[PDB]
Amino acid sequence: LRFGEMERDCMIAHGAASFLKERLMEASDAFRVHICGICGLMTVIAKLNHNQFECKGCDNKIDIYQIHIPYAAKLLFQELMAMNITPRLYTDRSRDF
Amino acid sequence: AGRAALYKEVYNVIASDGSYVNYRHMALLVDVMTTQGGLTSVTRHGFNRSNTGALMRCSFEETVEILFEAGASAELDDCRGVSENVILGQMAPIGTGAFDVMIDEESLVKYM
Amino acid sequence: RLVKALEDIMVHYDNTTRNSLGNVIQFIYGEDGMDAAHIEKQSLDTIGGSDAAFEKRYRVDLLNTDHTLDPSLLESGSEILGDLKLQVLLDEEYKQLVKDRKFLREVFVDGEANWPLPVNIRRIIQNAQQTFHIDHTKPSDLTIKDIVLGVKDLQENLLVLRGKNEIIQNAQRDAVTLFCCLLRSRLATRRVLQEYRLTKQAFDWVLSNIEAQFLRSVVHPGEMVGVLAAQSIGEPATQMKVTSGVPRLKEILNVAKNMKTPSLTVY
Amino acid sequence: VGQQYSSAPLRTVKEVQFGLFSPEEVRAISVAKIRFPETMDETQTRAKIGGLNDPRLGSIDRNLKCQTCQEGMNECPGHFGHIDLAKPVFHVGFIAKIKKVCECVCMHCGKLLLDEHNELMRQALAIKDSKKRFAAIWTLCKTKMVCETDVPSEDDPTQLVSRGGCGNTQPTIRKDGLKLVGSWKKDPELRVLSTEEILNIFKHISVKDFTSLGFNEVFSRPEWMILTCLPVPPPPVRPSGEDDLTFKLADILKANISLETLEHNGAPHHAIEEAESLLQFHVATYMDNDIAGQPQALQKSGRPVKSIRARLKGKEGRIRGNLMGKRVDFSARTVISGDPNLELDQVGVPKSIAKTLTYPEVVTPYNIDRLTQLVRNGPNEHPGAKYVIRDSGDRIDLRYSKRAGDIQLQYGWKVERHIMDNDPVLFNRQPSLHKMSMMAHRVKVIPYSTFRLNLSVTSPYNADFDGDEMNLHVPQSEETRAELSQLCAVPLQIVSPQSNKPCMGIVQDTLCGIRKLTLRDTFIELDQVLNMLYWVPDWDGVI
Amino acid sequence: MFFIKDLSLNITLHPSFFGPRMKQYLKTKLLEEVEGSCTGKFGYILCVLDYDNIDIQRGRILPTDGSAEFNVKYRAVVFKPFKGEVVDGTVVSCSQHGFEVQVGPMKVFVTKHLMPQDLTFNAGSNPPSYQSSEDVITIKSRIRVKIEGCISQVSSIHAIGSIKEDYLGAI
Amino acid sequence: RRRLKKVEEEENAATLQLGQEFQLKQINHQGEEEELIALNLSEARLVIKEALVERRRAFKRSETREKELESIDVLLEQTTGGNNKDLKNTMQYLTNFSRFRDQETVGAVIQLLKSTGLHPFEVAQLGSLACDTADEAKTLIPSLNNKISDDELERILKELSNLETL
Amino acid sequence: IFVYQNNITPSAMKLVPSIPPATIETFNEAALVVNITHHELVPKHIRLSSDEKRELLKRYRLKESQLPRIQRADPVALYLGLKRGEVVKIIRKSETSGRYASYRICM
Amino acid sequence: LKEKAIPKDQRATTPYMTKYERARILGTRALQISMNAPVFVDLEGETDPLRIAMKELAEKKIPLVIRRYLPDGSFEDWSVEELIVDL
DNA sequence: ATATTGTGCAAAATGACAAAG
RNA sequence: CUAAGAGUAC
DNA sequence: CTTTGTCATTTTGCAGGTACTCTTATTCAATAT
Ligand SMILES: [Mg+2]
Ligand SMILES: [Zn+2]
Ligand SMILES: [Zn+2]
Ligand SMILES: [Zn+2]
């Protein structure tokens, strides 16, 4: 069943954030992807069985993080990259609120 | 005075058919519309032009143009809006997400 | 469009209303800090009526006979007459009521007396009357000083903003001014001793219930009031000489340079 | 089974930093240089090396692991390649921006036209937000048509101070399709501004100049608005009958090879120019096929090609169609019926739906017995269980499992079992114009094929029983369950914030009935009084 | 050289472990992961100072998971070699390509290119050694060496030392 | 800042470029800035022993080279558990090349080097290396060039050599 | 304050900003015939001192941009002679609570 | 963190637990109980983790603290024990 | 004999253009 | 499988 | 001589939410290996 935009709006108005996250991630599509702390791109080669992570270009192997994002979000970021845009994802703040 | 007149017009529209809406909702609407010093329309030309985060702005209208402008201008999205966390699939900072639940080890020991 | 415009508006832990950027939309939610679900329509008694009717309803004089009080109303009803300090208390209370009358007549120019306010005082008074078995004939156990000081303490206890500086205190007073006007209009000395005939324990119970209900009527931080307002405005629109209804709503939200019926009102 | 364990630290995204790809960054992140327009080799059974489906970009076959990461199609995100373009081309999305930028900067010396010496320039540069800075700078410098090698002094307009200006005359720039034509003032000389010269002039813009213009030194420089290395999205982005993106990439490679051969072998300038324009057109339509004026790049079947911008915009784009709202699991939908014998917060659930939708309950000493009983009951009878998930992530399907014998549950395991009575469930009717049109109900399993709900709760849902359908969502965790029961429950919604009054009431038959019951004429005899008293569940038992 | 620095580590605790001995579990799990460890960013990590009160802070329940993410801050004694720094050590092994000197927890490989020409390898000696006109370098022999090249790997720091400069060699 | 990529001058002790996180000032866990302190071999050994004996006391409530080596081995076994190979090698190296015995001498050394107002890295190197003459110290430590007068360095090395015991 | 009859020549407008701290303000008589601030729609505007602005920002934890804005061409702002960065406190008759105090920063 | 944390002596937020706070506390505690966390209360036969969490909240035996974030990034720590549950 | 290639708002932005100094 | 179109329910 | 405000054009982006069923169609034809 489609969980449309205004259903999301009703859940927001109810204030149930965890249920909204559960609907949009565990109930539809949860994808674990790897990024590096230097460039926020998903261009990390991850060999999980060998336990080896490496971002070519940045030339790093310990500044890696894993994030759970919707697979549609990963596809969107890859389509942005293919269209010459860098949606760098960072796991810490660089500015104050 | 513009904000007061705007509230009066919205209230007249709502009460034309005899319906009643609490004051605070229309007050919030007109306050948002006039918070920038002028009349900010509820349109792609209005509220969507405020520097409030590219990801949430693109979810409304002119999506790809917004992404292109954000890339060219190297905008930083701090992921405070609801749409940003919806897109990233993490608990938005709203309702039950407007705080952090932590652990009081001292209290935990104190209980036994 | 409305939902998208207002989606990020939230009430924060300092009771301000802010968007995703932290910009302040309202320094206190709804200009009173109250949850809409806890608001009920009630009448402001001071604003209405005539000056003579207002005096008869509220004025209490311990030194004359035109606006005296029946000694049977309260236990010490024959000793308070001729006193000075209690007359001072009544004088300041009546002066405050007159000031509230003027203030409300300034706020509501048309004189409308029924407005939505958080705590329903009438229901509390009825509950106390039916709970403590007020017989309406026995002299009241209350003392005038008890009434006045209890009302003042209750006003001090209606906290919306918890800060500890001049700005926050002034904002708190501005937040509770109208509800305090209502409270003084209802829990006046004359009304308490004559119309309602509360007792000491009943009066204390009324004060505690008013305080608890007012504290329970405060909006909760984290409430997504923007989405709520957008939906509360948009849902009636679906049910829907001068343009009105949905076309006029469109003319308003889309701030249109040219509108179909530009009319001007001259007094 | 999900995704196997990863040792990388788990964090949440805090900031999204936008920008543009530098060509050297494109080359650094790429894992393969795409050169051949074909996808499969001559054998038609494998992917051609160096082609558009290079196994280093990710495996197009479920049976083969990715050649780069050695992970299945379940794990491999896909890895970008890169096409090294023969000549620079404009990015279709930035063309106007590029025009504005080149209209703000000298086309010969690559310096901003009006330095701080100019009067309005201090006001323009004092602006804080980058967009308004750029707008002011552009509306100030667009009408300046000379580099002004020498300007009157800021102190007074008597002496002349020479800036680093070449003194040439800037042209008036227009766009004719995918290219920019500049007309220099006749001493007009009209000529197409080559993308190479514009790229060169952008590379000569000083750091201060383009950071005043609103660009970033590290994340987006103006010369990165010119394409010289196209990133190649992996097969995940264009899965296969090839995708439209694959065909457009093949066309881009064909045009690139044609231009490169025409340059290598020499040719008249006309042929080189035509090949360049073809490459520009292909690259542009690969990103935005809805360019005003130009004709849409049709597909082999004669239909317009689906560009990436088409994949992102619209109600069915990625954002609105897949991110702001998406199809979900553990949901049901069916026709609704009224039931005066159901509580206000109860919802009647068909037995088949209750047997389909499931909840994962963690095995605990407090629920070992009943969970074991449900597992014994199996998935074909209600109440029962449908799956058993072990602590290792392995999933046991209760169908085909009774052959292996009774399962001995252990604490920490999960039993994915049929939804039973009093399970909180979100109940929704569309269009769902307000929060009351989506409320939490308690499950009551009933033996018919319709959702059943109290008559009083139909008003907030705006629901009838003339064929209306409603949707049901099952929370899958204790947190979501709890906040559904404690925030969205029907009783908590009785008084609406919309107009500070209750939104549910007595309606329809009961309303009529109550008016008939409370008339002064109405009197009831002893037997009917006893019946009516017993019909009240909480009646204290005194007549 | 030996320093002490302010380090932090993010540990995650399962719901099962939240008992009165939670502080003990956090402190022990900081150990067995940082004690005796090696990182390229800060060198070797040998021990943790100030064990009596290590700043564990509050912890943070991860939503949808229930595990708590503590950010334990502590003081750790580290040994970070640096380029061009003289330090003492002991030889433990020798070979054709060079010889290894034990400095603290690390082994520094001085290559055969980075000794005076008079010093030459000798495999005839048991154990094999490096012999010159005036001195011989054997197993368990004190020697001072200057580090001139460091490659910073994470689980194994590698450094290059030399004795070509004046007053470098056996003590 | 969040600069993608990074350009850095190569680390070089002689240039005193110890690293962006090895600067002179470090923000402590309390939020204030403190000088980047460096431990000489004897001082580091004493600090390690103090920490380990404190840990042993906490667990309980909850000189000559051979005897010292045996005692540190027994205490190391009692206090911590496994993965102490690096720690053991460091501890035995410290006991072998320890320039001082007890707290008083290392305190005197650190205050004497403090009196110089010199860089912590340089004073730690001076206290660690058992140098003899002055030009020898300068060639051992290029960072000391054009920082301290020759006579002062030679004399302080003389008192340090005097403070050497066993 | 310069009060003119019909208009100002634009060549006179450019020299209106003189050497600071002196400021020149132009008003048209036709725009001054009616005092706009007596309209019941116009609430009470009170300019804040720098100390008051600092206290406000401190107490509400705000930045300059996080306050509601008032344009430096608004008729009330021109009436009070507001300048950029100055904050006006607005006192309003509210129908939920008797009095409501807002603040607007001149931009 | 030191600058972000507002000292306990001058917290200016409401002392009453909000509805969202109560919902999330009950959800988190129920989830932890469901994952075999220790229970700090006596059980009268209740088996649902959610109602176990409710019983724990009724007598203030939940060892959690809310970190209420202010719009500027500062925060106040309120123990569940001291928050008043009136709603 | 078969693969390969020849729509209607309505706001915003922009351009043309008679008056003004 | 994909795409387009048509009809339809509230 | 250049502004300057001003109209008349050009863009140009959008157009409720869910849900069901069925039908057709996937470049035609000429050329060369
Ligand atoms: Mg119907
Ligand atoms: Zn990287
Ligand atoms: Zn791969
Ligand atoms: Zn130039």
Side-chain angles (χ1 to χ4, degrees), chain A residues 33-50 52-65 74 77-78 81 86-91, chain D residues 3 8 17 19 21-22 24-32 47 53-62 64-81 102-115 141 144-151 162-171 184 197 200-202 204-206 209 218-219 233-237, chain F residues 2-6:
Chain A
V33 73
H34 289 97
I35 52 172
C36 81
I38 315 304
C39 83
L41 310 178
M42 300 179 288
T43 74
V44 164
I45 292 148
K47 293 181 181 180
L48 307 175
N49 53 7
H50 291 177
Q52 295 178 5
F53 309 84
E54 189 256 324
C55 173
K56 180 186 176 179
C58 295
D59 189 5
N60 63 351
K61 287 181 266 232
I62 48 162
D63 211 51
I64 312 301
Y65 307 112
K74 185 268 289 179
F77 294 144
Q78 281 189 334
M81 292 165 73
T86 55
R88 306 180 191 284
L89 312 176
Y90 288 112
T91 65
Chain D
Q3 298 205 34
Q17 173 62 73
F21 267 111
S22 80
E24 62 272 14
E25 189 169 10
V26 180
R27 295 196 192 85
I29 61 156
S30 85
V31 289
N53 289 9
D54 208 5
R56 285 173 293 182
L57 312 190
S59 64
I60 59 170
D61 180 0
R62 174 52 260 185
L64 279 80
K65 310 283 188 185
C66 173
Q67 184 162 293
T68 301
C69 66
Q70 279 81 25
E71 299 277 5
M73 291 179 74
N74 190 9
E75 290 280 333
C76 170
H79 324 274
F80 280 51
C102 72
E103 211 156 6
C104 290
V105 170
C106 172
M107 302 303 307
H108 181 104
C109 82
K111 191 170 72 160
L112 189 152
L113 258 58
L114 298 162
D115 282 344
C141 307
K144 171 59 69 174
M145 277 81 74
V146 62
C147 183
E148 290 287 349
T149 191
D150 205 338
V151 291
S162 185
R163 334 197 316 265
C166 52
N168 297 119
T169 69
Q170 272 58 54
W184 277 260
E197 82 179 359
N200 193 3
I201 210 71
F202 279 19
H204 283 301
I205 293 172
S206 78
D209 277 336
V218 189
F219 300 108
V237 181
Chain F
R2 199 168 278 151
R3 305 266 174 297
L4 62 84
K5 92 178 176 55
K6 182 174 72 68

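Read the numbers this way: they start at 1 and go in the same order the structure lists the ligands and their atoms. Every chain is numbered from 1 and lettered A, B, ... according to where its sequence line falls, protein lines coming before strand lines.
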query: Within the distance-only criterion (no hydrogens, no angle test), does the side chain of D/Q67 pair as donor or acceptor with the backbone N or O of D/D54 below 3.5 angstrom?
result: no
query: SG (D/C69) to the Zn ion (ligand 3) to NE2 (D/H79): angle, nearest 10 degrees?
result: 110°
The Zn ion (ligand 2): angle it makes with SG (A/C36) and SG (A/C55), nearest 10 degrees: 110°
- prompt: Quick one: does NZ or CZ of F/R2 land under 6.0 Å from the six-membered ring centre of A/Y90, within 45 degrees of the ring axis?
  reply: yes
field: Metal check, the Zn ion (ligand 4) vs D/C106 N/O/S, cut-off below 2.8 Å
entry: yes
- prompt: Once rounded to 10°, what is the value of the angle centred on the Zn ion (ligand 3) between D/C76 SG and D/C66 SG?
  reply: 110°
task: Would you name the heavy atoms of D/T149 and D/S162 that are closest together and state the gap between them?
output: O-OG, 3.0 Å
query: Between D/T68 and D/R56, is there a donor-acceptor pair closer than 3.5 Å when you use the side chain of the first and the backbone of the second?
result: yes
task: Angle at the Zn ion (ligand 4): provide the value between SG of D/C147 and SG of D/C166, rounding to 10 degrees.
output: 110°
task: Could you tell me whether a side-chain N or O of D/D209 sits under 3.5 Å from a main-chain N or O of D/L112, the two making a donor and an acceptor?
output: yes
